[PDB]
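Below is one structure, written out as structure tokens; comments come after it.
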Amino acid sequence: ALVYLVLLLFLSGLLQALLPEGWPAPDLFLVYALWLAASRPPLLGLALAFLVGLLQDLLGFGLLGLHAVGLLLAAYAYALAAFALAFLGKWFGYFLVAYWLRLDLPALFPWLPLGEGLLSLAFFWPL
Amino acid sequence: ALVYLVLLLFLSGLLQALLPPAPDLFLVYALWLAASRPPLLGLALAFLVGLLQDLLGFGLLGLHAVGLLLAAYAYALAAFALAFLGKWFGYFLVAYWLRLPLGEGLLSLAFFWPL
Amino acid sequence: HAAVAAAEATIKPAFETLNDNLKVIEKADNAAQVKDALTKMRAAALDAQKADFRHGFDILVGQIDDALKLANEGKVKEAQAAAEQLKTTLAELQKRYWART
Amino acid sequence: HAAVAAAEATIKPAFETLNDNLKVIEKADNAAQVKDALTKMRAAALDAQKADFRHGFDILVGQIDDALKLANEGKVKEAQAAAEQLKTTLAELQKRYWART
Amino acid sequence: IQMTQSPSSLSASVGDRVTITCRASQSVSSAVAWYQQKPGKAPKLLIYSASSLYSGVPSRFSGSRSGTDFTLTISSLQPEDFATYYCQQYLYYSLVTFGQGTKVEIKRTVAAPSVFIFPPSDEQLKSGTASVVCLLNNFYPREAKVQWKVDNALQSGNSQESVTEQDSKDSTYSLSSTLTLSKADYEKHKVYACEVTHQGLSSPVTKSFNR
Amino acid sequence: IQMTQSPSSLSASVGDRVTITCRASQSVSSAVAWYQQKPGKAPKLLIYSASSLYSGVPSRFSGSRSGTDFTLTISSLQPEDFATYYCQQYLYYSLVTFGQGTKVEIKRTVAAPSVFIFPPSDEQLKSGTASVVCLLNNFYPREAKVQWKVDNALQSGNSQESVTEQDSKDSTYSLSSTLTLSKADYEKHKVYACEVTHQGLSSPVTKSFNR
Amino acid sequence: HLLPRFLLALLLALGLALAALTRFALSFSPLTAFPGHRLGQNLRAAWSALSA
Amino acid sequence: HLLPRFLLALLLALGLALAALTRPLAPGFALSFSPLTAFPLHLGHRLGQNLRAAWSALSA
Amino acid sequence: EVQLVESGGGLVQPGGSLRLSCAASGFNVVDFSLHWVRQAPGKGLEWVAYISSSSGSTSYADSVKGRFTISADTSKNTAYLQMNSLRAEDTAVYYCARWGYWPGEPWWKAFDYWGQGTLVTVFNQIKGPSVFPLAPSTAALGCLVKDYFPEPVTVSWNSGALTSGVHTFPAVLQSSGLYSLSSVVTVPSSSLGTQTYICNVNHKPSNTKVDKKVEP
Amino acid sequence: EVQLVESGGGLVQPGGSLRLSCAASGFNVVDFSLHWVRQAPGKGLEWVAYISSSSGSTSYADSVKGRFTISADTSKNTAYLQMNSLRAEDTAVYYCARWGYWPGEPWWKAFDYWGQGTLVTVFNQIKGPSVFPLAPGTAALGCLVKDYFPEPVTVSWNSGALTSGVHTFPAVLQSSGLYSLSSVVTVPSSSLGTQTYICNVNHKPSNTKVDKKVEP
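Residue numbers (the deposited numbering), protein chains in the order written: chain D, 2 to 79, 94 to 142; chain P, 2 to 21, 25 to 79, 94 to 118, 128 to 142; chain N, 80 to 130, 147 to 196; chain B, 80 to 130, 147 to 196; chain L, 2 to 212; chain X, 2 to 212; chain O, 4 to 26, 32 to 43, 47 to 63; chain C, 4 to 63; chain H, 1 to 137, 145 to 223; chain W, 1 to 136, 144 to 223.
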């Protein structure tokens, strides 16, 4: 449980320090919330993801709730078929937050969403 | 339709000027709209009715709108007993979020039952 | 809305079985089908009673037996006439139930 | 959770029938209960097929026929020995299905 | 397993819609077939896999499945669709059980029966058996309870009833109830009567002879 | 309606747990009862309304309902519950149907039968019918397929099997297969044999006599 | 069935958002003003508090 | 099934409410959908710096 | 063309042995299991036995196991059903069915093709009819045919001259095991005493011809 | 104490008539409908007929409708079941059940109290047994009791002196309509030719006593 979380921060930190610009990165938080929300009861599954969602935003350069809403829908949406729908559910959170906040959608080439999902799938499948 | 809403405001004002437990006349109005209408329309109309009461009252905006919104979702006598309980759950939810009874329901029930 | 929908998930299918089979009785014209329809109808009447209101179903079940007894003898015409009085009692339980929920 | 529950609400009762009745075969000691258990097991196997994956059940149903034919001749001992090979095939489908969902 | 089929006899005119319900005892997945047996000929397959239409039959036949409850629905009857329909499950080669059988009959207006009573002939009494015959001609529907009263005492166990098929012109049945008594028992009593209780009759009619 | 009860025969020793399953053809609400018939006596009521308990029976008996599937459960078989259990539905006075009937038997280790063959007596041949007897003593379980072969040709249709009940000491059955042949048919052949196929036997045993 | 649950979350969000945008014991009693200046006075307060 | 369905609407509303109260005050803010966190060395003060900003605009 | 024809059905003494063969034409028995299903006169279909010639398996119904012995012959492309120790409840029409092999669509086809069907009836004895007239009191008269076996018997009025209003009820099996049917015809009462109505019955198995006259 | 007793069961010719009475003691028939259920030898229970004396209603099973006529007499506090045209499949033990009236708990009790039950057997003739010896380390010998009617027959070895290992198989109704059971006993082969084994059979209904001696 907490063992993976500590390694998650170190692995995420290393990616941030040296990331190839213009290229996607694995969503290490998505592959962690899904693991906790899979076996746990649905009442606890949704609550656990929301707490993880806030933790990502508190440690990230973003407004609070931008990722918390995304991960809450990701856990609710959620094995390969479920992950693809779960990953699609998270991005539905970003568009919901962006439209509700009435902000400008940044440019998103198709490489970034597909790249994040494929890299994240490489981490979720072993776990 | 709109006749009840017009009568709702005048009747509510008279009670306020002659009270020291009051009938939540906006709860019964929202439930009447939330009953026959589909769930999509019922929830939206309850929010506007709750907001309208909130605007004309000395309270923070959105306090009553949340209360009626959960009451419409919570919601015939058995449903109204649980629907009224849902509204007061919303009031305690907003009050705790900002970090700040029986007579009301029974008086309100006397208005919802004929309608 | 949640409380009302909860009541539907409990007894509404039971009242659908009673009403749907109440039209087959007035449409069938042989004792083979009237007895068959009432058999399915009674099984729903007992099932709904499990979930003063309970005493209401004792009148309903009692009238099903009285109509089923006539249809058992082969008097199909009388059974349909006796099932007409069953509809009024069944309709009353609907209005009494919707008031309680 | 919703995506996984969609598969659970569709095929899990079919797989639960196969696994539960597979213990009866390993426990029953007569041809009357082995044949009865395989009948329910086959009924779910056809039902699960409707919902390469389809071709994976033609092997399973074929093995149920092989075990049911032995249990029909009165050889209960062979049927329990021939139902062991079904356990490995069934376990492979579950491992393959949970990977897909 | 067991396979219950209802209704066991239904009536519908040309152009009407017919629904036949078949309910298996336990789950059979989608292994149900429907056959149409014309009187005196081999059954013909109509529906297989409980929902697919067998190639070669008119498209009006249709099938359905709701869990363990199956249904054969005919969109519009025609004078070539009046025969017995059977519900079969084929879960395994050695677990095949057919339904009871549903018969479709022509529907017409109610017609009252005409009752006749025939005393036994003197030639028959020579052998030693007497058989009175109650006759009903051109009535509809089929159900017509014929009860024999001898000295105003109801007789049971010694009556055989045979009903003809639908006619080809007016579509009316005809029932013949035969009461068989030994010569010794026939001579003891003096009054015989058969009563008919039918929808076309406002009150039961008894035709009686005394000898 | 129709009622199906399974299993038709189960074995369990003292203190074991037994589950009997009974599934109705159509919904019967909760009108199901369970009876226990000791061999040669009237049935006794155990469960009524499919979930209650009749006053005066041990508390180990339990009932359950799951939709249209009913269940009787015995917590611990004391040596007084080895009888036949019938599943009844009572939806109406005129629609009472009972189940097939589950019989509970004692369990013991498998014992191989001892097969004997008895030629027909000389006195019996005077009457005109010859009846050979194949005997099996002290075997378990009850299932034992006895096939009659005459001149290495299988015989079917003229063999009657009667199985005694479990003994009060060792709980072993005993089967007696009798093959009935007319005197004319008996003299045509020369070799008779009955084979026994049982779990306790590694290979089928054929006790034969030639005459 | 899924849409009304989503609409509940969206509408409830505005009620909570306006609660912190216009915030003393709250008056749970539903007593509207006696029968016009209340609507104008209350509406202007919300706009002023929104800017700050 | 009713409670988990209701819980989704309640938690989603709470998440969006925190978003409106924590939007950056500078108009025309560029968003970064990429889930990149902060370096572990700076996390000692990064959490404190970000939490205070949310708490500043939360209470009134 | 795929078709199946049966043979061998006929009168048999109770407790006797009868052999039914299902000659299959247009296909190979090795590719399709052959099933036997019987229909008691006026009742529903019932399953009897089956053989899967490819695998050699064989099963029977619970009420028939131990008496019937079904075998198939690929070389002659037929399936034989040997019936032993026939009883009074085995009178029926035996149909020969066909059924595909799992897996694939042909298994789902079920009994797609059926045989003509051969009638097997167990009989105690055969005797000619003894027709008794029914004296008329529109007046209806008829000739009652009692204690005849086996079916069928044809009733013609005035050597076929009269065919309007003539009803011939289906034969009903009596307790003793012999059929007995009655036929009636409604005629106007004005002509009841002016013409003679003669009823004649023909029984092909017994070669019995009786000419009975009905009188008031 | 609530109890029900039956009577009238016994030998009846096929096609004859028999009357069964269910004398109820400990309650009133007007408060409880009485049902009749029969159990064929070696099969499960089956419903037959019922009467509701309070309402006067009456229904029968589809297999026996038109033959049986069940009537009740509250004055004598009994319930009768008149049986006519008995066939070969009506041999059973007829239990007289009991059932409450809707509404209330007594309806849910179902058949709480049952009668003792009377055995009704249809017979064409009764004759004594014909015992045939079965000529024989353990060796088994026995005597075959064939073509006897009706039940029961008691088989004792050496007038009851030898009772170790004696098996008496339940009688099986043959095709001809007569019961036939065999009894066997296992004895050591050393004493097979030393002591004489005598098999004796008693048949009370036919007053037949045969003392058969078995020899190797």
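C-beta atoms are modelled at their ideal positions from N, C-alpha and C, and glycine is treated no differently.
Residue i, enclosing beta strand (DSSP E) - first and last residue
| i | result |
| --- | --- |
| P133/W | 130 to 134 |
| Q52/O | Segment 48 to 62 is the alpha helix (DSSP H) holding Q52/O; no beta strand (DSSP E) there. |
| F62/L | 62 to 67 |
| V134/L | 130 to 140 |
| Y192/B | Per DSSP, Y192/B belongs to no beta strand (DSSP E); it is in the alpha helix (DSSP H), 171 to 195. |
| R19/W | 18 to 25 |
| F71/L | 70 to 75 |
Minimum C-alpha distance to residue i - residue among the options
| i | options | result |
| --- | --- | --- |
| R18/X | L96/X, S132/X, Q38/X, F62/X | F62/X |
| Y95/W | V64/W, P212/W, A72/W, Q39/W | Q39/W |
| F148/N | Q189/N, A88/N, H80/N | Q189/N |
| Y94/L | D160/B, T96/B, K119/B | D160/B |
| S160/X | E166/X, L176/X, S169/X | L176/X |
| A110/B | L185/B, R121/B, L181/B, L165/B | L165/B |
| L111/P | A12/O, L19/O, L6/O, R8/O | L19/O |
The ligand GTP heavy atom lying under 7 Å from the CB of residue i
| i | result |
| --- | --- |
| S209/X | The ligand GTP is absent from the structure shown, which contains no ligand whatsoever. |
Residue i classed as buried or exposed, judged by whether at least 16 other C-beta atoms fall within 10 angstroms
| i | result |
| --- | --- |
| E22/D | exposed |
| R195/N | exposed |
| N211/X | exposed |
| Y36/L | buried |
| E144/L | buried |
| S55/H | exposed |
| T179/L | buried |
| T74/W | exposed |
| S17/H | exposed |
| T98/X | buried |
| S196/W | exposed |
Chain-order list of residues whose beta-carbon lies under 6 Å from that of residue i (same chain, five-residue window excluded)
| i | result |
| --- | --- |
| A194/X | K150, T207, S209 |
| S71/W | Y80 |
| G130/P | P25 |
Extent of the continuous alpha helix (DSSP H) run through residue i
| i | result |
| --- | --- |
| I104/N | 81 to 106 |
| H35/W | No alpha helix (DSSP H) holds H35/W; the beta strand (DSSP E) holding it covers 34 to 39. |
| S203/X | No alpha helix (DSSP H) contains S203/X, which DSSP labels as neither H nor E. |
| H150/B | 150 to 167 |
| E105/H | 105 to 108 |
| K184/L | 184 to 189 |
| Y55/L | Looking at the DSSP string, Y55/L is not in any alpha helix (DSSP H), and its letter there is neither H nor E. |
Residues near residue i in its chain [Cβ-Cβ closer than 7 Å; skip 5 each side]
| i | result |
| --- | --- |
| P136/W | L199, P223 |
| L11/X | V19, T103, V105 |
Cβ-based neighbour list, residue i, same chain, cut-off 8 Å, excluding 5 preceding and 5 following
| i | result |
| --- | --- |
| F139/P | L31, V32, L35, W36, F98 |
Proximity test, Cβ basis, 8 Å: residue i and chain E
| i | result |
| --- | --- |
| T89/N | Of the protein chains in the structure, D, P, N, B, L, X, O, C, H and W, none is chain E. |
(message) Would you call the stretch 200 to 217 of chain H in contact with the stretch 156 to 166 of chain H, where contact means no fewer than 3 C-beta pairs closer than 8 Å?
(response) yes
(message) Is it the case that the stretch 69 to 88 of chain X contacts the stretch 19 to 35 of chain X, given that we only count it when at least three CB pairs across the two stretches are under 8 Å?
(response) yes
(message) Quick test of the definition: if touching needs 3 or more C-beta pairs under 8 Å, does the stretch 120 to 137 of chain H touch the stretch 3 to 18 of chain H?
(response) yes
(request) Could you tell me whether the stretch 12 to 32 of chain C touches the stretch 7 to 16 of chain O, using the rule of 3 or more Cβ pairs below 8 Å? (result) yes
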